[PDB]
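Read-outs: derived from the displayed coordinates by stated rules, not from any lab. Neighbour counts are summed over all protein chains in view; Cβ atoms, including those assigned to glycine, are modelled from backbone coordinates with ideal geometry.
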RNA sequence: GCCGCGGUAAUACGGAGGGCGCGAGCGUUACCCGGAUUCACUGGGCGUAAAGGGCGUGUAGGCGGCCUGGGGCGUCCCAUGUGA
RNA sequence: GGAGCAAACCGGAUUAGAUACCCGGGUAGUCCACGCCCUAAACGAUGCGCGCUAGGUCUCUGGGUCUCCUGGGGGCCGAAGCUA
RNA sequence: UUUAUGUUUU
Ligand SMILES: [Mg+2]
Ligand SMILES: [Mg+2]
Ligand SMILES: [Mg+2]
Ligand SMILES: [Mg+2]
Ligand SMILES: [Mg+2]
Ligand SMILES: [Mg+2]
Ligand SMILES: [Mg+2]
Ligand SMILES: [Mg+2]
Ligand SMILES: [Mg+2]
Ligand SMILES: [Mg+2]
Ligand SMILES: [Mg+2]
Ligand SMILES: [Mg+2]
Ligand SMILES: [Mg+2]
Ligand SMILES: [Mg+2]
Ligand SMILES: [Mg+2]
Ligand SMILES: [Mg+2]
Ligand SMILES: [Mg+2]
Ligand SMILES: [Mg+2]
Ligand SMILES: [Mg+2]
Ligand SMILES: [Mg+2]
Ligand SMILES: [Mg+2]
Ligand SMILES: [Mg+2]
Ligand SMILES: [Mg+2]
Ligand SMILES: [Mg+2]
Ligand SMILES: [Mg+2]
Ligand SMILES: [Mg+2]
Ligand SMILES: [Mg+2]
Ligand SMILES: [Mg+2]
Ligand SMILES: [Mg+2]
Ligand SMILES: [Mg+2]
Ligand SMILES: [Mg+2]
Ligand SMILES: [Mg+2]
Ligand SMILES: [Mg+2]
Ligand SMILES: [Mg+2]
Ligand SMILES: [Mg+2]
Ligand SMILES: [Mg+2]
Ligand SMILES: [Mg+2]
Ligand SMILES: [Mg+2]
Ligand SMILES: [Mg+2]
Ligand SMILES: [Mg+2]
Ligand SMILES: [Mg+2]
Ligand SMILES: [Mg+2]
Ligand SMILES: [Mg+2]
Ligand SMILES: [Zn+2]
């Protein structure tokens, strides 16, 4: 069913990273890859590879975590601590170029879809465009 | 020399717990048959290898290992193998706090020395017929839980646990203190909180005597002069 | 307008000599020499661990009392400092210093901040050649402060100009003692001015 | 070297036949203003005694406070229980804006310039525990990249 | 003003001495915003705190899977007019 | 339509009183047809659809190359996470 | 199988 294909993805990722899983399968779309790209290019994921489950197209996403820690709760930090949908189907969110977000003072990325393609808070400010604002990650 | 083959690992060192598992134990598990999960012994190598690397490095800088198992299987194979190393150990019940509270539980060690002197001495017979039996009985059990803990009046940089689940207390006790934790862990528990992992049967004495035995050897070698086989087979099968 | 009546209750109260005085607060009394405790029936009783607000209040009042300024004005200047680009602690301190009545003290044409007040409102002062009687008046870099023409007599002036020799005036200030006059050279940088105050708190006060 | 300011002393009471037996508890902060802070909650039968373990426990739990020039690296929001603290960095020359609890902690840790608000439950005990966790979770441009590279 | 003070030792009432805050002003009353993420777009909720419709079927409305073109309505960019 | 039961009502007890509790009676109603009423602790006090996040065990019911696996239900205990 | 109740403020 899946009213939001994109949000569904970022949640499958969020949920795996929580359980520390090597990868997760996230049914495939062009625009979902273009976003899945920027996640490796900026280093939140090792990367993806197109694959097949039951003759059905998927994207396997390979998950990055931090080093084993010490003290109790000997569990890795997160490469993606935070991922959530900004503009969704229920309320769509478009920002002009002067209006683009600051995410985490610059410590993090804001993925945003524009006429020049899927760009990031910087890339878009550099091209000087803006567009629909997919989500935010740190 | 040090190592172990995968041949002597066959006494029965693969699997104990069937269906009783702790699924975080996936990586080290091979296949299920006849009940019990059979635990992969090739990884047990890659680990026993990397594990020993921390033990060998530790022993030759003069640091300590603290020995724990309370089971029926792992009891007598601790006392022996532990004294032969010269390391501390816990045989009977593991007193709560023994690490996060070393301070107050060790004040109970001093009382053990205070009881040893005064056994026969220029004091005792002057204390009435009641008190003697009393004090010596306080010595009896005192020596029981605290026999092997008596050594090492400072706290170690490692512990060695037979079943990481059977004392969960300990593993977390040390973990709270930054004290590294190494143990022999079957399907019972999760790799997770154990820092240096010995993925094999933690029951079936043949396995705990074999893996602890030649693991005590590796400690003497970084000290000096690894010695002839120490008591292992007693009532064994 | 400005506060009047007993000063030494303030020298004390605050618990640090602020020299609202003439040569006296220098003598072996600021009154704070004899009795280093707050005024009234209760001064000698054992103090209470003060409220976090109580500390910010006392600090603000200290600084404010030092310049002999009415709260009406004292806050005008704090809002100014805030609206102005800067570190907002020091811009406040500079703006205070830049008062005619404060300068005419710092330059020693008169001994007390209060003596330096009546001095201006009585016509005994001049800025850039002009008669100026308003104690609230600003001075920016470059201005020439001087005693007036008809005013160079009156033992009060030259009794206090004499005693100036041997004291080194402030880096932001300069004084030619023979010609009775000075120039406001620059804004009196934080370190340039050590008051007893922690100016931080004076800000943390007005944020309610 | 270390500084002790304490935000909370309070008397609780339990009940037994014939009266309310009291006991005391204390929130204490511990830090050098170089970026090292800690917090612990002591409880014992009298105020001074409980202020003691306050300090004791305080040093047993501490954190890096990766200042950049007296502010923090980035805006952070964290929730402990029902209580929530919003931490945003301000350019030097501002002030430290917070309530008693989030100030004492933040101010012993360095941090001359910061902006904050307490939301949800303003309970001081649970607001303090949420303020440490929102410092503890801070990260700089460095540990950011040491995180995501590969290798 | 809210919690509350006064029942023969009242820092809570009344006067006094003393102190704190402002000062040609200081208080009171009324009203607006603020604190109130307490109508929550930013920024809330609904097992037991106030809050899931007694359950269905379904009109409008709202939302909507994968691939590729066309238009460019939203959106975005630049320029310019106006924005007294 | 009416056997048993039973608001109301009558009687016996109880009690200071007993318009109740206990006992003996007892009429609507309980049942049927048709037509109304539209409430409820109508409760999992938990709206519906979809995807995603360890397992253990008991049970109902299909399919299986029927020591196990697989699907849809009903229960307990529990990972991560949530919760005052 | 008989019981019901306990003035106001501290
Ligand atoms: Mg400014
Ligand atoms: Mg304000
Ligand atoms: Mg909440
Ligand atoms: Mg609240
Ligand atoms: Mg409150
Ligand atoms: Mg009287
Ligand atoms: Mg009286
Ligand atoms: Mg009285
Ligand atoms: Mg009053
Ligand atoms: Mg009075
Ligand atoms: Mg008076
Ligand atoms: Mg008076
Ligand atoms: Mg008014
Ligand atoms: Mg909302
Ligand atoms: Mg609410
Ligand atoms: Mg809901
Ligand atoms: Mg309710
Ligand atoms: Mg319902
Ligand atoms: Mg409905
Ligand atoms: Mg209805
Ligand atoms: Mg429907
Ligand atoms: Mg429709
Ligand atoms: Mg579509
Ligand atoms: Mg549509
Ligand atoms: Mg199209
Ligand atoms: Mg224009
Ligand atoms: Mg009757
Ligand atoms: Mg009767
Ligand atoms: Mg009667
Ligand atoms: Mg009754
Ligand atoms: Mg009857
Ligand atoms: Mg009947
Ligand atoms: Mg009727
Ligand atoms: Mg309801
Ligand atoms: Mg449901
Ligand atoms: Mg519904
Ligand atoms: Mg079926
Ligand atoms: Mg069958
Ligand atoms: Mg089921
Ligand atoms: Mg449960
Ligand atoms: Mg849990
Ligand atoms: Mg009555
Ligand atoms: Mg009563
Ligand atoms: Zn004085």
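Which value, in Å to one decimal place, does the Kirkwood hydrodynamic radius take for segment B:82-123 when every pair of different Cα atoms is included? Don't skip to the answer; put the middle values down first.
Values: mean 1/r = 0.0808 Å⁻¹.
One over the average 1/r among Cα pairs gives 12.4 Å for segment B:82-123.
On the first, second and third principal axes, largest extent first, how far apart are the outermost C-alpha atoms of segment B:169-237 in Å?
37, 32, 17
Highest GNM mean-square fluctuation, chain B, Cα pairs closer than 10 Å: which of B:15, B:62, B:86?
B:62
Of all alpha-carbon pairs in segment D:3-63, indicate the percentage at a distance above 20 angstrom.
Numbers: 579 of 1830 pairs.
Here the long-distance tail beyond 20 Å is 32 percent of all Cα pairs in segment D:3-63.
If you scale each eigenvalue of the Cα gyration tensor by 5 and take the root, what three semi-axes come out for segment A:81-138, rounded to whole angstrom and sorted largest first?
Numbers: eigenvalues 50, 44, 16 Å².
Over the Cα atoms of segment A:81-138, the ellipsoid semi-axes are 16, 15, 9 Å.
Please determine, in degrees from 0 to 90 and to the nearest 10, the orientation of helix B:43-59 with respect to the longest principal axis defined by the Cα atoms of chain B, where the helix direction is its Cα long axis.
30 degrees
On the Cα set of segment B:16-135, report Rg and Dmax in Å, please.
Cα-based Rg and Dmax for segment B:16-135 come out at 21.9, 68 Å.
Over all directions, how big on average is the projection of the convex hull of the alpha-carbon atoms in chain D, in square nanometres? Intermediate results must be reported in sequence, preceding the final value.
Values: hull surface 44.3 nm².
Its average projected convex-hull area is 11.1 nm².
P(r) for segment B:76-169, please, calculated from all Cα pair distances in 10 Å bins and given in %.
14, 42, 29, 13, 3
Per 20 Å bin, what percent of the C-alpha pairs of the protein assembly as shown does each bin hold, from zero upward?
Taking all Cα pairs of the protein assembly as shown, the binned fractions are 12, 29, 30, 19, 9, 1, 0 percent.
So what's Rg/Rh here for segment C:97-193, counting alpha carbon atoms and using the Kirkwood radius for Rh? Walk me through the numbers before you get to the answer.
On the way: Rg = 12.1 Å, Rh = 13.1 Å.
Over the Cα atoms of segment C:97-193, Rg/Rh equals 0.92.
Pick from D:138, D:49, D:87: which residue has the top mean-square fluctuation in a GNM of chain D where Cα pairs under 10 Å get a spring?
D:49
For chain C, what's the radius of gyration and Dmax over Cα atoms, in angstrom?
When restricted to the Cα atoms of chain C, Rg and Dmax are 17.8, 55 Å.
Per residue of D:69-79, what is the mean number of Cβ atoms on other protein chains within 10 angstrom of that residue's Cβ?
Values: counts 0, 0, 1, 1, 4, 8, 5, 2, 0, 0, 0.
Counting Cβ atoms of other protein chains within 10 Å of each residue's Cβ and averaging gives 2.
Hey, can you rank C:19-25, A:52-58, B:204-210 by average C-beta count inside 10 Å, highest first? Walk me through the numbers before you get to the answer.
On the way: C:19-25: 17.4, A:52-58: 9.9, B:204-210: 22.1.
Order by mean packing, descending: B:204-210, C:19-25, A:52-58.
Checking a compactness column here: for segment D:64-149, what do you get for Rg(Cα) / (2.2 N^0.38 Å), N being the number of residues?
Its radius of gyration relative to the 2.2 N^0.38 Å reference: 1.06.
Starting from the Kirkwood radius over alpha-carbon pairs of chain B, derive D by Stokes-Einstein at 10 °C in a medium of 1.306 mPa s and give it in µm² s⁻¹. Walk me through the numbers before you get to the answer.
Numbers: Rh = 19.0 Å.
Answer, rounded: 84 µm²/s.
What value in Å³ per residue do you get for the convex hull of the alpha-carbon atoms in segment A:3-80? Working shown, then result.
Values: hull volume 7.2 nm³, N = 78.
Convex hull of Cα atoms, per residue: 93 Å³.
From the C-alpha coordinates alone, can you work out the Kirkwood hydrodynamic radius of segment B:108-237, in Å? Walk me through the intermediate numbers first.
Details: mean 1/r = 0.0558 Å⁻¹.
Value: 17.9 Å, from the Cα pair sum.
What three numbers, in Å, describe the spread of the alpha carbons of chain A along their principal axes, ordered from the longest?
44, 42, 26
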